[PDB]
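Notes for the one structure printed next.
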Amino acid sequence: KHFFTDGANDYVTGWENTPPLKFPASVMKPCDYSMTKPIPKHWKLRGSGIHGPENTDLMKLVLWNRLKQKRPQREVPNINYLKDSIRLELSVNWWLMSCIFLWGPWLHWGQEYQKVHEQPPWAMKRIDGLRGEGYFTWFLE
Amino acid sequence: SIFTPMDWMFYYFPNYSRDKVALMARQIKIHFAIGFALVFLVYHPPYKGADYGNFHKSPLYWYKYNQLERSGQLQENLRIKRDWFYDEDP
Amino acid sequence: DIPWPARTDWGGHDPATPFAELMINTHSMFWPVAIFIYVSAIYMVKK
Amino acid sequence: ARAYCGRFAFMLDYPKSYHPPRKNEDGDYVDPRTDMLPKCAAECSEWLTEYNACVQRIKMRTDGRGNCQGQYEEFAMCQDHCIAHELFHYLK
Amino acid sequence: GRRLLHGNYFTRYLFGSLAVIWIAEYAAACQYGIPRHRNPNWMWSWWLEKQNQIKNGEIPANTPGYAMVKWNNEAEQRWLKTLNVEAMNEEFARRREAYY
Amino acid sequence: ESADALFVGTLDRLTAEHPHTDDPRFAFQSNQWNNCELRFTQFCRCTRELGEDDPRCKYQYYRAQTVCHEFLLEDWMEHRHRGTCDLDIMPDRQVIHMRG
Amino acid sequence: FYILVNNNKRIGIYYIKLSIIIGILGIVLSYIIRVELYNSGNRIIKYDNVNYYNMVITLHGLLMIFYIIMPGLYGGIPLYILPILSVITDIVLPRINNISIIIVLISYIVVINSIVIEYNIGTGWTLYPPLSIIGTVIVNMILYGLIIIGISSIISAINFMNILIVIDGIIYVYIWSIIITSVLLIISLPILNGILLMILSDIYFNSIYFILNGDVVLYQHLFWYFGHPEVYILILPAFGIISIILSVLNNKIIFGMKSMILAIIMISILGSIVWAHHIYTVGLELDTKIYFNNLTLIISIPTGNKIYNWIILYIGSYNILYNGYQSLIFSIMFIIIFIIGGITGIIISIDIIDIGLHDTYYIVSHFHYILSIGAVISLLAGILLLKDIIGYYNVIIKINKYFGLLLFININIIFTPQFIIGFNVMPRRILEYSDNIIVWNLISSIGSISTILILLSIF
Amino acid sequence: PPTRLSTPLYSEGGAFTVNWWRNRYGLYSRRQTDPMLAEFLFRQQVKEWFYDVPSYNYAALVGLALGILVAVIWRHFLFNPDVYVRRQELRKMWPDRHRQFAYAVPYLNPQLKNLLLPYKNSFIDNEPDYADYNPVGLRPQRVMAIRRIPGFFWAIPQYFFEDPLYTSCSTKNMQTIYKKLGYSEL
Amino acid sequence: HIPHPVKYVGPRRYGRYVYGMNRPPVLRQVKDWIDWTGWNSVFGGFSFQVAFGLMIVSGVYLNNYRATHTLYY
Ligand SMILES: CCCCCCCCCCCCCCCCCC(=O)OC[C@H](COP(=O)([O-])OCC(O)COP(=O)([O-])OC[C@@H](COC(=O)CCCCCCCCCCCCCCCCC)OC(=O)CCCCCCCCCCCCCCCCC)OC(=O)CCCCCCCCCCCCCCCCC
Ligand SMILES: CCCCCCCCCCCCCCCCCC(=O)OC[C@H](COP(=O)([O-])OCC(O)COP(=O)([O-])OC[C@@H](COC(=O)CCCCCCCCCCCCCCCCC)OC(=O)CCCCCCCCCCCCCCCCC)OC(=O)CCCCCCCCCCCCCCCCC
Ligand SMILES: CCCCCCCCCCCCCCCCCC(=O)OC[C@H](COP(=O)([O-])OCC(O)COP(=O)([O-])OC[C@@H](COC(=O)CCCCCCCCCCCCCCCCC)OC(=O)CCCCCCCCCCCCCCCCC)OC(=O)CCCCCCCCCCCCCCCCC
Ligand SMILES: CCCCCCCCCCCCCCCCCC(=O)OC[C@H](COP(=O)([O-])OCC(O)COP(=O)([O-])OC[C@@H](COC(=O)CCCCCCCCCCCCCCCCC)OC(=O)CCCCCCCCCCCCCCCCC)OC(=O)CCCCCCCCCCCCCCCCC
Ligand code: HEA
Ligand code: HEA
Ligand SMILES: CCCCCCCC/C=C\CCCCCCCC(=O)OC[C@H](COP(=O)(O)OCCN)OC(=O)CCCCCCC/C=C/CCCCCCCC
Ligand SMILES: CCCCCCCC/C=C\CCCCCCCC(=O)O[C@H](COC(=O)CCCCCCC/C=C/CCCCCCCC)COP(=O)(O)OCCN
Ligand SMILES: [O-][O-]
Ligand SMILES: [Cu+2]
Ligand SMILES: [K+]
C-alpha cells in the first residue's frame, strides 16, 4: 500500500508486533502472558515486574525485529499481496484503455453526426430556430 | 434511546448494551434518522396541516371551557367590550 | 418612533405594526428564561 | 349494489367543527365552494400549466381542429379532490 | 496487512452515492408532480408560429427574425438597411448547383 | 367570471390583476430580482409582437415598474434601445447553443 | 541570540510580548472611539475627516482579533506549556515555530505603515464588498496583512496537530482545546483565502464578481464560513485555560473530563455549520433561516455542560486556601461574564429579535463581554497561573484585589449601557448620533477612560 | 468492563463494533508495539470513552444535528425552485421556464407553515389576524389558534376564551371601529 | 483484511519461449493474463467509462428516437 501506517503498513522500520507463524511456539511465540497461572505465595519478586525486555517473548520480539532485517533471499508474497500493492496502478491503466477504446469512438461519432444534423445524436432536435450544437449531456437537461 | 440516561440502559438491558461500541453507533444512527425524518415528514409535506377546523381540544380545554360556560364568564369574555372610537363629551 | 433620553426600552419600544409587537413579545417571552439561566448558575459560584 | 364503501370512522375525516359561510356585501351567503376554487387551483398548478399550454397550442392552428378536454379533466379532478378535503367543514 | 476502509470503498461510495441521488430525485418529482418531459425549445408562442411558417414556406427561407417584428432596435435598423434575403437565397442556390 | 380564472390561462395573469401582490412563481423567496427580469422579458416580447403603442405592452411596462427599480430599468431600457439587451435578442440570433 | 531562537518557550514569550505591544495600539484605537462618542457633535475627529473614524473601527477590530487575542491565546500560552503538558521536550517543528512569530510581526508592521502612508478610509473588519473593492490602497495593504497572518495561523495549526504523533502522556483537556482549534483553522482558513483572493481580484485584477449580476451576498457566505469558526477558535483555548486553573487552584480532579472533551468537539462541529446567523437581514429563504436559527441554539447545549462542570470544580473547595489570588478571581469572573455574553448571543440568535438588533450596539456589547472581558481575563488568568514558570516580575498583579474589582466594575460600565442603547436604537459603526442617546453613551465613555487609568497601576 | 486481559470482550458483527474498533484503533499508533501492551491500551481507551455514561448524550446530539443538516441540504436541491442543477431551464428566458415553476406553489406551502401560522396570536396583541385573509389563493386562509403556544408563554392565558379583551382586539372589530368613522377600509 | 487463497486456476507456466511454439491461443493468453493480474482492476477501471458511455449513448433512443414518436402535441 502507498500510505504509511505504524500499525500495519510500517515499511519505514519494518516493525512487526508478532513473530512469524513459521517458528514453533517453543522457539518463539507472540508476547502474551495474560494466561499466566497465579503466582505461589512463597515465590518472591526478583525482577522489576515491569513490562519490558525482562520478559522472554518481548526480548525475542525486539531481537528478531532487528535481526530479520538481513536475510539471504526474498520472502516471496502470494499473488494476492502483489495485486494489492499495485491496485491503483493497474486500475488507472485500464481506465486509460477505456478512454481510448470506448469513450473515443462514440465521442468521435457524436461530433460527426453533429456536423451533419447540427446537434449530437443523443439530443432532441430543436424547432425554435436557434442555431448551434446545444447541450451534450442530455440527462442533465 | 431518547431522553434516557444510559446508566439505566446499562442496568436494565445488559445483553442489548453488551457491546458499547455498537451501542454508541446505534445512538448516533437513531438520532440521525429522527432529525432526517422531522425535516421530510413534519416540515416538508406540502398542502397539509391547513385543516384549521380540526384544532385539538384537550380535556383541560373542555374543563375550563365548561367551567366558564356554566357561569356567565364565557359569554362576558367573548362579548365585544368596545366598538366605538370616541366617547361622547358632555 | 424616535429615541428618548435615558430610556431602557428593554426589548423595544413604540411598535406601530403587528410585526413590531411580535418582536417585542418574543424578547419578553424569553427574558424570564434568561434570568432563570443566569440566577440558577450564579447562585452556585462559591466554595 | 350500494352507494358507498364503509370504513372505520378514523379513516373518515369528518369535519370536527363547522365554520359558517361568508356573507356578501348584499347580505347573501356566498358559496363555500366558490371561495375555495382559487386555492385549490393553486394546489393543482402543475396540471393547470399543462392545460394552459394546450390552449396556446390549439390557438396557433390554421385549422379549426384541437381540444384541451383531456388536460382540463385532469385539472378538474385535481381541483375537486382538494375541495372534497375541506368543503364539508363549511356545510351544515 | 490490515484494512481500514471498505474493500471496494471507492466504487461503492461513488456509484452508490450517484444511485441514491438519482433515486431520491425521482421520488421528489413524484411527490411534487413535476412534469418530466424534456423540451429543448424556447416556448415563445408567436416565434414558434413564425418558425412553422418558414418551414411551411409561407415566409422566405433565411429571413431574419428582426425582419418579422413590429418594433426594431437601433442595431436591427442598421442590419435591415443591408438585408437582402432574395440575394442570399440565390447565393445558396448557386452553391448547391456547384456542389452537385 | 370564474373564481379560478386567474390561475387558468397563465400564471402571469395572477399579478396582472393584482399588480402589488406576490407572483406565484417567486413568492417563496424574499429576493425579487428574478421576478423583475421575467417582467422585463415579457415587456420586450410584447413590443415585438404588438408594438410599443399597443396599450397591452404599455401595461406590461407598468407591471415591470411594479417590481423593477427605476435605476435598473433606465439602464436596461438603454440596452434595449441600442440592441444589446440579452433579454430582447431575437431567438435566431442567440449564441447560447453555439460552441456548446 | 534574540531573533534566531527556536526554543518554543522563548517563542511563547515573544507571542505574549508582541500581543501586549500591539495591544497598546488597539487600546489607543478603542480610546479614540469612546472619546468621540462622548456626546453628539465632533470631539476629536473633524466632520471633514470622518473617513479616519471608519479606519479606527476597522483597525480596532482587526488588530484585536488577529494580532492581539489570537496570538495571545493560540500562540503565546500554547507554545509555552503545550509541549510541557505533553511529556515531550520541545515543539515538533522548531523552525516553523520561529518563522510564525516573525510573520506576525511583519504583517503588523505592514498594517501600521499603511496607516501612516496611505489615505485613511475604512470598511469594517468584515470588509464587505462592494465598499471594500471601491476603496483606496489602504484596503490592499490590509488584505496583504490578513493573507500573511493566515500563513502563520495555518503553519502553527500544523505544528500543534503533530503533537498527537509524539505525545508521551495523556491528552489533557487543555491539549484537546488546542488540537480542535487547529482543526477548525485547517478547515476554515483555505475558504477564507479563496474569498480574499476574489476581493483582490476585483480590487487589482479587474474582476467583476462584486458588480451587478454578481451576487455580493456570495462574499458574506464564504467570509462568515470562516468568520464564526474564528470566534470559536478564539474562545476554545480560553476554555482550556479555565479548566486547568480551576482544577489546579482547588485541588479537585476535573469532573466529567470526557464530557468536557466531547463538548469542545461538539462545539467545533456545530460552529462550522451555523455561520449564516450573521446574514439574517439579507433576505435568505424561509427554510434556510429556520435551519440556521435552530442549529445556532443547539450550540448552547454543549457550551452549557462546560459551564456547569466548571461550577462544580469550584464548589466544595477547601476554605483554608486563600481565594483572593488574581488568577482564581479571573477564572471565576469568566464564568459570570461568559454566561452574560452567551445568553445575549442566544437572544440575538432568534432571527426576528435579530431584525431589530442587527447592526446595533447590542451586538457590540455581546461580543465585548465574551472577548474584551472573558478572553482577556482568561489570557490574564493563564499568564498569572504561570508566573513562577514564566518568571516575569516588576508588576503588582498576583495579589491585587483593587485591580480585579476596578477592572470588573469599569468594564461593565462600558458595555452594559451598550445593551440598552441597542433598543433605543443606535446603529454600529457610527460617529454622530441623536441627542437623546447621549446619556448612555456618556456613561460608557466615562467607563472607558477609567479602565485605561487602572492599567497604569499594575506597574 | 473487565480488568484482566484473559477475559475476552464481547463483540457484535457489523461495521461498528468492538472487533471493528480494535482492528483500526492501532493502525497509526506507535505505542501498541506488542499484543499485551496493545490490548491494555485498547481497553484503556474503550473503558474511558465508551463506558462513560455522559458521553452518549453527545452522541445523540451530533446525530440529530447531522440528520437535520443532511435533510436541509438535500431538500434545497430536490425541491427549492431557485436551486438549479439541470440546465434545460437555464438555457431559456425566464417566462419559458415552465418546469421550474412547478416547484413554486408546493414549495410555498410546507406542512409546518400551515400548522404554526395560526399561533401568531400568542405574540401579536392587537389584530393578530391582520394578514389572515388573502383572496388570491396562493395560500390557505388562516384561522387564529385557540390555545397559546406550549412552553414559556405564561404571559397570556392558557386558552384565548379566557381573555376578556381578545375578541375586542381582533381585526374584525377594529375594522368595524374605523369603518364607522370612514377612516379606512381595513 | 480477510485472508483468502489465490483464485488463479489457469496454467502457471507455458514453458520456455521457443520461437512461439507450443503456446496457447492468443485469446486464451489474454484471458490468462487478466486472471493472473486480477479482474478487479479491469472492472474498476472500466466501470466509470462504461457507466458514462451507456448513459450518454442511451439518449439516442431514450431522448431522440422516443421523443419524436412520443409527443402528444
Ligand atoms: C461523479 C464522477 C466524478 C468524481 C470526482 C471525484 C473527485 C474527488 C477529488 C479528490 C481529490 C484527490 C484527493 C486525494 C489525493 C491522493 C489520492 C491517493 O493517493 O489515493 C490513493 C492512495 C491509496 O492509499 P493506500 O494506502 O495505498 O490504500 C490501499 C487500499 O486502498 C486500502 O487502503 P485502506 O483502506 O487499508 O486504508 C489505508 C488508507 C486509506 O485511505 C485512502 O486510501 C484515502 C483515499 C481517499 C480518496 C479520495 C476519495 C474521496 C474522499 C472524500 C472525503 C470527504 C470528507 C468529508 C467531507 C464533508 C463535507 C461536508 O489510509 C490512508 O492512506 C490514510 C490517509 C490519511 C487520511 C486523512 C484524513 C483526514 C480527514 C478526516 C475527516 C475529517 C472530517 C471529520 C468529520 C467528523 C468529525 C466528528 O491514497 C492515499 O494514500 C492518500 C492519502 C493522502 C491524502 C489524504 C488527503 C486527506 C484530505 C482530508 C480532508 C479533510 C477535510 C475535512 C473538512 C471538510 C468539510 C469542511
Ligand atoms: C422490453 C424492454 C427491455 C428494455 C431493456 C433495457 C436494458 C437496459 C440495460 C441497463 C443495464 C443497467 C445495469 C445496472 C446494474 C449494474 C450492476 C453492476 O455491476 O454494478 C456495479 C458496477 C461496478 O461496481 P463495482 O462492482 O463496485 O466494481 C468492482 C471493482 O472492481 C471493485 O474493485 P476495486 O475497488 O479494487 O476497483 C479498483 C479501484 C481500487 O482502488 C485503489 O486501487 C485504491 C485507490 C482508490 C482511490 C483513487 C484516488 C484517486 C486516484 C488518482 C489517479 C487518477 C487517474 C486518472 C486521472 C485522470 C486525469 C484527467 O480503483 C479504481 O477503480 C479507481 C482508480 C482507477 C482510475 C480512476 C479514474 C477516475 C474515476 C473518477 C471519475 C469518474 C468519472 C469520469 C467521467 C469522464 C471523465 C471526466 O457499477 C457500475 O457500473 C455503475 C452502474 C451504472 C448504471 C448506469 C445506468 C444508466 C444507463 C443505462 C444504459 C442502458 C439504457 C438503454 C436504453 C434502454 C431503454 C429501454
Ligand atoms: C537572484 C537575485 C538575487 C538578488 C540578491 C539581493 C539580496 C537582497 C537581500 C534581502 C534580505 C535582507 C535581509 C536579510 C536578513 C538576514 C538575516 C540574518 O541572517 O541575520 C543574522 C543576524 C545575526 O546578527 P549578528 O550580526 O550576529 O549580530 C546580532 C547581534 O550581535 C546580537 O544578536 P541578536 O540576534 O540578539 O540581535 C538582534 C536583535 C537584538 O536586539 C533586541 O532584541 C533588543 C532587545 C529587545 C527589546 C524589546 C523589543 C520589543 C519586544 C518584541 C517581542 C517580539 C519579538 C519577536 C521576535 C523578533 C522579531 C524581529 O536586534 C535586532 O535585530 C532588532 C530587533 C527588533 C525586534 C522587534 C520587536 C517588535 C518591534 C515593534 C515595533 C513597534 C513600533 C511600530 C513602528 C515601527 C515598525 C518597524 O540577525 C540579526 O541578529 C539581525 C537581523 C537584522 C535584520 C532584521 C530585518 C527586519 C526587517 C523588518 C521589516 C522592515 C520593513 C519596513 C520598514 C519600516 C520602518 C519603520
Ligand atoms: C457509509 C460510509 C461508511 C464509512 C466508514 C469509514 C470507516 C473509517 C474508519 C476509521 C477508523 C479510525 C481509526 C483510527 C482512530 C484514531 C487513532 C489515532 O489517531 O491514533 C493516534 C495517532 C498517534 O499515535 P499514538 O501514539 O497511538 O497516539 C497516542 C495518543 O496521542 C495518546 O493519547 P491518549 O492515549 O491519552 O488517548 C488516546 C486517544 C484519545 O482520544 C480518543 O480515543 C478519541 C476517540 C474518538 C474518536 C472519534 C471516533 C468516531 C466517533 C463517531 C463519529 C461519528 C460521526 C457520524 C456523522 C455522520 C453524518 C452523516 O487519542 C487520540 O485518539 C489522539 C488522536 C485524536 C485526533 C482527533 C482529531 C479531531 C477529530 C474529531 C474528534 C472525534 C469526534 C467524534 C464525534 C464526537 C461527538 C459525538 O494519531 C496520529 O497519528 C496523529 C496524526 C495527526 C494528523 C492531523 C492532520 C490530519 C488532517 C486533518 C484534516 C482536517 C480534519 C477535520 C476534522 C474535523 C473534526 C471535527
Ligand atoms: C469569542 C467570541 C465569541 C463567542 C464565544 C460567541 C458566541 C456566540 N455568539 Fe457571537 N459574536 C461574536 C463573537 C463571539 N460570539 C462577534 C465578534 C460578533 C460580531 C461580529 C461582527 O458582526 O462584526 C458576534 C455576533 C453574533 C451574532 C450576530 C451576528 C450578526 O447578525 O451581526 C449572533 C446571533 O446569534 C451570535 C451568537 C452567538 C452565540 C449563540 C454564541 C454561543 O457560543 C454562546 C453560548 C453560551 C451560552 C448560551 C451561555 C452558556 C450556557 C449556559 C449558561 C446554559 C445554556 C443556555 C441556554 C440554553 C440559553 N454572535
Ligand atoms: C479582542 C478584540 C477586542 C477588544 C479587547 C476590544 C476592546 C474594546 N473595544 Fe472593541 N471592538 C472589537 C474588538 C475588540 N474590542 C471588534 C472586533 C469591533 C467591531 C469592529 C467594527 O465595527 O468593524 C469592536 C468595536 C468597538 C466599538 C464600535 C466602533 C463603532 O462601531 O463605531 C467600540 C466603541 O466604543 C469599541 C470599544 C472598545 C473598548 C472601549 C475596549 C476596551 O478598552 C475594553 C477594556 C479593555 C482595556 C482597558 C484594555 C485591556 C487590555 C487588553 C485588551 C490587552 C491585553 C493583552 C494581553 C493580555 C496580551 N469596540
Ligand atoms: C453543483 C453542480 C455540478 C454539476 C455536475 C454534473 C454531473 C452530475 C453528476 C455528479 C453530481 C451529482 C448530481 C447528479 C444529479 C442527477 C439527477 C439530477 O439531474 O438532479 C437534478 C436535481 C435538481 O435539479 P433541477 O431539477 O434543475 O432542480 C429542481 C428544483 N430544485 O439535483 C439534485 O437534487 C441533486 C443535486 C445534489 C446531489 C448531491 C447530494 C445532495 C445532498 C448532500 C448532503 C450533504 C451533507 C452531508 C451528507 C452526508 C452523507 C453521508
Ligand atoms: C477529499 C476531501 C474532499 C472534501 C471536500 C469538502 C467540501 C465541503 C467543504 C466546506 C464547504 C461547504 C460548502 C458551502 C456550502 C454553502 C451553502 C450555502 O451557503 O447555502 C445556503 C443554504 O445552505 C443551507 O441550507 C445550509 C447548510 C449548511 C451547509 C454546510 C456544508 C459544510 C459543512 C462543513 C462542516 C464541517 C464538517 C462536518 C463533518 C461531519 C461532522 C460530524 C444559502 O441559502 P440561500 O442563500 O437562502 O439560497 C437557497 C436557495 N436560493
Ligand atoms: O460569531 O458569533
Ligand atoms: Cu457567529
Ligand atoms: K460625536
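Nothing in this text is a laboratory measurement; each read-out follows from the coordinates by a stated rule. Please note: Cβ atoms are built from the backbone with ideal geometry, for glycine as well, and neighbour counts cover all protein chains shown.
Given the criteria more than 16 Å from ligand 6 (Cβ to nearest atom) and facing chain I (nearest Cβ under 9 Å), does A:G52 qualify? So A:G52 does not fit the description; no.
Might you check whether a residue that is among the β-branched types (V, I, T), within 11 Å of another protein chain (Cβ to nearest Cβ), more than 16 Å from ligand 3 (Cβ to nearest atom) and touching a residue at least 40 places away in the same chain (Cβ under 8 Å) occurs anywhere in the range G:232-244? No, the range G:232-244 contains no residue that is among the β-branched types (V, I, T), within 11 Å of another protein chain (Cβ to nearest Cβ), more than 16 Å from ligand 3 (Cβ to nearest atom) and touching a residue at least 40 places away in the same chain (Cβ under 8 Å). What are the residues in the range E:4-60 that are of a type in the set (V, I, T) and either within 16 Å of ligand 5 (Cβ to nearest atom) or surrounded by 15 or more Cβ atoms within 10 Å (Cβ to Cβ) (or both), if any? Matches in the range E:4-60: E:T11, E:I34, E:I54, E:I59.
Whether any residue in the range I:4-18 is within 30 Å of E:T11 (Cα to Cα), within 13 Å of chain A (Cβ to nearest Cβ) and part of a helix (DSSP H, G or I) is what I want to check. Among the residues of the range I:4-18, not one is within 30 Å of E:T11 (Cα to Cα), within 13 Å of chain A (Cβ to nearest Cβ) and part of a helix (DSSP H, G or I), which makes the answer no. Can you pull out the residues in the range G:400-459 that are near ligand 6 (Cβ under 9 Å from one of its atoms), within 14 Å of another protein chain (Cβ to nearest Cβ), outside any helix (DSSP H, G or I) and not hydrophobic (A, V, I, L, M, F, W, C)? Residue satisfying the conditions is G:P427 alone. If the condition is being surrounded by fewer than 21 Cβ atoms within 10 Å (Cβ to Cβ), assigned to a loop (DSSP other than H, G, I, E, B), in contact with a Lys or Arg (Cβ under 6 Å, 6 or more places away or on another chain) and at the interface with another protein chain (Cβ under 7 Å from one of its Cβ atoms), then the range H:89-138 contributes no residue at all. I need a count of the residues in the range G:60-99 that are hydroxyl-bearing (S, T, Y) and either under 13 Å from G:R10 (Cα atoms) or free of Cβ contacts under 8 Å to residues at least 12 places away in the same chain (or both). Number of matching residues: 2.
Checked against (1) within 16 Å of ligand 1 (Cβ to nearest atom); (2) under 20 Å from A:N55 (Cβ atoms), H:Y25 passes all but a single condition, namely (2). In the range A:86-113, how many residues are surrounded by 12 or more Cβ atoms within 10 Å (Cβ to Cβ), more than 8 Å from chain I (Cβ to nearest Cβ) and closer than 23 Å to E:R3 by Cβ? Summing the residues that are surrounded by 12 or more Cβ atoms within 10 Å (Cβ to Cβ), more than 8 Å from chain I (Cβ to nearest Cβ) and closer than 23 Å to E:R3 by Cβ in the range A:86-113 gives 2. Listed by position, the helices (runs of 4 or more DSSP H) enclosed by chain B that each have at least 1 residues that are over 26 Å from the mean Cα position of the chain (by Cα) and within 30 Å of G:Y291 (Cβ to Cβ) are B:20-37. Exactly one residue among G:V376, G:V364 is within 16 Å of ligand 10 (Cβ to nearest atom) and in contact with a helix residue (DSSP H, G or I) (Cβ under 8 Å, 6 or more places away or on another chain), and that residue is G:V364. Between G:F459, G:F415, the distinction of being crowded, with 17+ Cβ neighbours inside 10 Å and either of a type in the set (F, W, Y) or within 16 Å of ligand 7 (Cβ to nearest atom) (or both) belongs to G:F415 only. Taking the range G:172-205 as the range and being touching a residue at least 24 places away in the same chain (Cβ under 8 Å) and part of a loop (DSSP other than H, G, I, E, B) as the test, only G:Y172 passes. Picking from residues in the range G:349-367 that are free of Cβ contacts under 8 Å to residues at least 60 places away in the same chain and buried (at least 21 other Cβ atoms within 10 Å of the Cβ), the one that is nearest to the other protein chains (Cβ to nearest Cβ) is G:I353.
The residue that is nearest to the chain's Cα centre (by Cα), among those in the range G:390-399 that are among the β-branched types (V, I, T) and part of a loop (DSSP other than H, G, I, E, B), is G:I397.
B:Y43 satisfies every condition listed in (1) within 27 Å of H:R139 (Cβ to Cβ); (2) out of contact with any strand residue (DSSP E or B) (no Cβ under 6 Å at 6 or more places or on another chain) except (2). Consider the range H:140-174 and keep the residues that are among the charged types (D, E, K, R) and within 8 Å of another protein chain (Cβ to nearest Cβ). The one that is farthest from B:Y65 (Cα to Cα) is H:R142. Checking each residue of the range H:48-55 against the condition of being assigned to a helix (DSSP H, G or I), surrounded by fewer than 21 Cβ atoms within 10 Å (Cβ to Cβ), small (G, A, S) and in contact with a helix residue (DSSP H, G or I) (Cβ under 9 Å, 6 or more places away or on another chain) gives at least one match. Here the helices (runs of 4 or more DSSP H) wholly within the range F:3-83 that include at least 1 residues being closer than 28 Å to G:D215 by Cα and at the interface with another protein chain (Cβ under 10 Å from one of its Cβ atoms) are F:13-17, F:33-50, F:70-82. Within the range E:36-58, identify whether any single residue is hydroxyl-bearing (S, T, Y) and away from chain F (no Cβ under 14 Å), and answer yes or no. No. Condition first: within 34 Å of the chain's Cα centre (by Cα) and of a type outside the set (G, A, S). Can you find one or more residues in the range H:21-42 that meet it? Within the range H:21-42, one or more residues are within 34 Å of the chain's Cα centre (by Cα) and of a type outside the set (G, A, S).
Within the range G:206-254, the only residue that satisfies the criterion of being polar (S, T, N, Q), in contact with a helix residue (DSSP H, G or I) (Cβ under 7 Å, 6 or more places away or on another chain) and not in a helix (DSSP H, G or I) is G:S207.
Applying the condition of being more than 14 Å from ligand 5 (Cβ to nearest atom) and among the β-branched types (V, I, T) to the range G:219-262 and asking which residue is farthest from G:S132 (Cα to Cα) yields G:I253.
Checked against (1) crowded, with 19+ Cβ neighbours inside 10 Å; (2) touching a residue at least 60 places away in the same chain (Cβ under 8 Å); (3) under 30 Å from H:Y56 (Cβ atoms), G:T303 passes all but a single condition, namely (2). Check whether at least one residue in the range H:24-41 is within 12 Å of chain B (Cβ to nearest Cβ) and either more than 16 Å from ligand 10 (Cβ to nearest atom) or surrounded by fewer than 20 Cβ atoms within 10 Å (Cβ to Cβ) (or both), and report yes or no. Checked against the condition, which is being within 12 Å of chain B (Cβ to nearest Cβ) and either more than 16 Å from ligand 10 (Cβ to nearest atom) or surrounded by fewer than 20 Cβ atoms within 10 Å (Cβ to Cβ) (or both), the range H:24-41 yields at least one hit. Here is the figure for the range G:276-311: residues that are more than 14 Å from chain F (Cβ to nearest Cβ) and part of a helix (DSSP H, G or I) total 23.
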